[PDB]
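All remarks here apply to the structure that follows.
Coordinate-derived values only; no laboratory data. Positions of Cβ are backbone-derived with ideal geometry, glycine not excepted, and every protein chain shown enters the neighbour counts.
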Amino acid sequence: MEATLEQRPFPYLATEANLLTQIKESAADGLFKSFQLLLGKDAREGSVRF
Amino acid sequence: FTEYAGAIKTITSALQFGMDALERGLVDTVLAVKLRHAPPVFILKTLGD
Amino acid sequence: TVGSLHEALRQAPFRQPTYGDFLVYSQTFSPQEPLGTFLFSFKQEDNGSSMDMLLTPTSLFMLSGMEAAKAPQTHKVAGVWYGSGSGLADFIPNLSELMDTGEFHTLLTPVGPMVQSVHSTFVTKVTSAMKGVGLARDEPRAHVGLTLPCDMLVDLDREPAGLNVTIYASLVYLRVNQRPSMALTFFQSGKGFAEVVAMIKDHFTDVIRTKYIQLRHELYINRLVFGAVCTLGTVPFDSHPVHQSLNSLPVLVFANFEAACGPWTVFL
Amino acid sequence: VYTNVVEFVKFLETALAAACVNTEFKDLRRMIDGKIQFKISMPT
Amino acid sequence: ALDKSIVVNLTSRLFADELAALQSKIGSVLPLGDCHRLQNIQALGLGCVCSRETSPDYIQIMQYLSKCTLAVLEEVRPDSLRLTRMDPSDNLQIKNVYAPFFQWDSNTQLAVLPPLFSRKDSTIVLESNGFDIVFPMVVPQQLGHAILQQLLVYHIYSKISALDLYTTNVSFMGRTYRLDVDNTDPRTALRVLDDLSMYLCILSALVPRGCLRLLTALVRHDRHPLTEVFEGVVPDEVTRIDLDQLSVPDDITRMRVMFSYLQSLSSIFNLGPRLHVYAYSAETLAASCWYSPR
Amino acid sequence: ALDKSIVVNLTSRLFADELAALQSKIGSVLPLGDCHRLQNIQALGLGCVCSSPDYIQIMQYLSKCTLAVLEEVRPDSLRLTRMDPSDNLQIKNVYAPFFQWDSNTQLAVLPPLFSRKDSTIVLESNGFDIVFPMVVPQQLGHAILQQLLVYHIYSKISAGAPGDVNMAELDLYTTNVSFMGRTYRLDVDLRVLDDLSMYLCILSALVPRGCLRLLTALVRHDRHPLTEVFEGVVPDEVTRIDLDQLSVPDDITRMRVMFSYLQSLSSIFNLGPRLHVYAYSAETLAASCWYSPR
């Protein structure tokens, strides 16, 4: 079983160091796998279901 | 005064007959479940033994 | 509950329909017109710039000249309101030539149903609606629906329907008694525009054969335009037409008819 | 003015409810499925 | 404002194999029968007329589609499909999922067409209920008409035949695409060709003579780009009409009448309801169109 | 409720002569590239595609646009107002040349085709030229084109063979437009209609071959009965076209070309950025309407 991505509203933690530099390039050419874009009208916590 | 009272006694009462429509709908949908799992007598009796 | 629904209905007022003030010669518009009659407009010249011309489907029966064979019932009504049609036909001197070259359907602009018309001796005030649901102008607000006679309306009918059924207006030029004379019918279907043009051709199967054979000794290029379909507005589906007889005359009346307009499109 | 008022009904005060176990669930629109896994042992 | 959705009762249940297709095609467009809330599966399938046991009717499917409402999927539960509908003037958000991939942009002009590139691809089956949900597809109008152009050419050159690369393939700029036309029911498509034949021969009797003379002075003197449909050889039939003299006031009474019949070819080249797009994204594949029927 | 205001911020100020021209045009209908409320001057007007123009590359720009209305010209920044579908407005008849809109009529939006002194406004301070569209009543807009389309053909006939075109015949019935009990002079010496004169003429010879190839294929026991009548309207010379002189893989190239002009010429007159005026006054040039796209 390959571990996948999921959009479930985790209680995320904040790190002191930043992440945001060179991310916009890295979506076009894959620096890292398991990514999914979200635009601002739909970038939120999804409704939890089970 | 007799017109503002002649409107809110219709809007609340229409919700009373909307709230009535669910308790009538509870008894309908339980009996809709009980009949879709209801085999008749002539089938079940020989299977039941 | 009561309190949550106490606010969720306050925040929705619906838009008001438009109103086009019309101003008619009183001999071209009868006093006994049913409130909810569909209208038209005819604006040929521009030199007067004072008074306006309106045409009902009843009054257009006098100008058209289609006989009582294809339309018996309004023929009793169009005559009892207009004796010789002289109050109507004297304004338009080209009632035999506009039917020749086919320019009458380009001049009509459909408007919609009536709202409020104060009858007067010389100049009759007429208020109609163009957009929106037909409502009254003044304080006694009565929902005026559009009314069509059973003589002019021709219906088109598992039929899966959307949120829409429309009313059309065909206007077909022909020649009876070897003189030109148009013909007007009304349609009602929500079948989309790609079907009704294929259905109106089957409504005029025995008419196209009885013109071009009648006009084969001489045929003119300006005769080749044959009809024009407009789009008058939408009826909400599941709303039914109501039969109604008026002094008699059987008239269908629709409810909740919101009105629109459309360009005249040629079909043949 | 003379009006009628219809007789109101309760589900739990009808004798139908001997054939149902009744647990009120607050947010059922948040549910996808539910399941009961029986495990029947068998003697020989 | 206006609070809308559509939940659809699957009558028994559905499997886990056939759920893999209904989950993969989320955010797509399908029509449904009547604008209810609560609903059975036997209205959402476009293939209540696109059956397996009989041959389909590609015009009649498209002719069915301007009637019905259109709906967008948003969620899938294994006993209930939850959708959302499309009001006749409503700014919504559509997502580009559809497998023959055609790139969009801002201010394009979409169209909803029957599945013609592959039948088996756009028809998934649900044999837990004995029914197949059939998807339509959205296509920009540069191929919204250019498939209906190619489809009307095919039914002309089937009766004459009863070659196979010119009568079937559809040419978007850059590529070609094979249609899925093998067993059709053309008895309602030949009525459409019997509705071109009336408008076309009328447009062959009032051809304006001035425009005929400009072809005599262009296909042999200069070299226009799109005169290369012809060769240098002019048709012999054009000179057999050219011989009558010119008439300027009778190239107005022929131009005006010819102009009126080209309002009438918006009655046989109709699409379904249209989607005016006003904002599009390229790396999210999410548009935001404006629905307006007719 | 909803808000709409399209503020156009300028780089440099406007001069005195530059401002007083737009003070008179305080109410008009202008195209616009997008609907977000902060744009530059390079997004309004038809000069995005028009500033050797064509007709069709502007007519396929108006129906795919979002039109806006001037309300105020303050000397540092323009201001517009977006126009929803089915939205009441207030339009001031300001367009040059003058046409005398009649009340209760239908108004269409057409690209300009006359000389450039009347249409554009040259702004020196920012280096951009705005281009207004030509708002004509819809009957005259279908009439002002169908004569200049005739006139542009005779401008090409008389350039190669002069004896076939008479200047006494040509500039007498192609410079007067009899509409609404009046006439109107038109200022014509063209370059805008240099494709419709070719699209209608490359279609002009494909129709007589077309309406016999389409009728030899459609003959059977179940012909639609109306084409028994419309079989006779075609002239006798068109009924003798022997299609042996063109091959079958050449005839397909003469159909996919043929049908594609029959649509794309018919569509550009059934494109509807149009608005229905319901009230008007003559000596004030005030008018109200509502908009309905396509």
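General remarks:
- Magnitude of the charge dipole for chain E, about its Cα centre and with charges confined to Cβ atoms of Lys, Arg (+1) and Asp, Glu (-1), is about 340 debye.
- For E:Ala279, nonlocal amide neighbours, meaning residues 5 or more places apart or on other chains whose placed amide H falls under 5 Å from its own, are E:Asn107, E:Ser288.
- Calculated P(r) of the protein assembly as shown - Cα pairs past 45 Å, %: 42 percent
- For region E:109-263, size of Cβ-based charge dipole, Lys and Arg +1, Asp and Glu -1, in debye: 220 debye
- When the listed pairs B:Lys34/D:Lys10; E:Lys95/F:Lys64; A:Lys24/F:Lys4; E:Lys4/E:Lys95; C:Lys191/E:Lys4 are checked against a 22 Å cut-off, the alpha-carbon distance exceeds it for A:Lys24/F:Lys4; C:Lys191/E:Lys4.
- For region C:191-268 versus region F:130-190, the spacing of their alpha-carbon centroids is 34 Å.
- About the centre of its Cα atoms, the protein assembly as shown shows a dipole size close to 1380 debye [charges on the beta carbon of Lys, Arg (+1) and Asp, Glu (-1) only; nearest 20 debye].
- Annotation for region C:69-157: trypsin sites (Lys or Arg not before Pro) lying in DSSP loop with at most 10 further Cβ atoms inside 10 Å of their Cβ are C:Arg141.
- Convex hull of alpha carbon positions in region F:138-187: directionally averaged projected area 3.7 nm².
- Amide H contacts of E:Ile124 (H built 1.01 Å from N, in plane; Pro and chain starts excluded): E:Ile133, E:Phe135 sit under 5 Å, all sequence-distant by 5 or more or on other chains.
- Cα shape, chain A, gyration tensor, a/c 1.5 rule: prolate
- Average projection area in nm² (convex hull over Cα atoms of region E:194-268, one quarter of hull surface): 6.2 nm²
- Placing a pseudo-label 7 Å from each Cα along the Cα-to-Cβ vector at F:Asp118 and A:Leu38 gives an inter-label distance of 5.8 nm.
- Summarising the strand pairing of the protein assembly as shown, around 90 percent of its internal DSSP beta bridges are antiparallel.
- Look at where the Cα atoms of region F:40-105 and of chain A average out, and the two centres are 44 Å apart.
- Distance in nm between pseudo-label sites at C:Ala136 and F:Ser288 (7 Å out along the Cβ direction from Cα): 2.2 nm
- Long-range amide H partners of F:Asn88 with built H, under 5 Å: none
- Computed over region F:135-294, the quotient of the alpha carbon radius of gyration and 2.2 N^0.38 Å is 1.41.
- The calculated FRET efficiency for the pair C:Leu107 and E:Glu127, based on their C-beta separation and a Förster distance of 35 Å, comes to about 0.05.
- The helix-only estimate of mean residue ellipticity at 222 nm for the protein assembly as shown, built from DSSP H runs of length n ≥ 4 each weighted as -39500 (n - 2.57), is -6500 deg cm²/dmol after division by the residue total.
- Relative frequency of Cα-Cα separations exceeding 19 Å in region C:86-219, percent: 67 percent
- Ordering of E:5-15, F:204-214, D:1-11 by packing is F:204-214, E:5-15, D:1-11, highest average first (other Cβ atoms within 10 Å, averaged per residue).
- Leading residue at positive end of dipole, region C:86-242 (Cβ point charges), from C:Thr205, C:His240, C:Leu107: C:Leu107
- Calculated on alpha-carbon atoms, Rg and Dmax of region C:145-268 in Å: 16.4, 50
- Dividing the convex hull volume of the alpha-carbon atoms in chain D by its residue count gives 162 Å³ per residue.
- Shape class of region F:172-223 from the alpha-carbon gyration tensor: oblate, with a/c at 1.5 or above and b/c at least as large as a/b.
- Shape of region C:40-119, Cα gyration tensor, a/c cut at 1.5: oblate
- Per-residue mean of foreign Cβ neighbours for F:251-260 is 5 (Cβ atoms of other chains, 10 Å radius).
- Each residue of region E:235-247 was assigned a 3J(HN,Hα) from its phi angle through the Karplus curve 6.51 cos²θ - 1.76 cosθ + 1.60 (θ = phi - 60°); the sequence is x, 5, 6, 5, 6, 7, 9, 5, 5, 6, 6, 6, 7 Hz, with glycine and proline shown as x.
- Sequence of E:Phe135, F:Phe128 once ranked by neighbouring C-beta atoms within 10 Å, starting from the fewest: F:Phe128, E:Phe135
- Each residue of region F:192-197 is assigned a 3J(HN,Hα), and the resulting list reads 7, 8, 7, 10, 5, 5 Hz, derived from the Karplus form 6.51 cos²θ - 1.76 cosθ + 1.60 (θ = phi - 60°), x at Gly and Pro.
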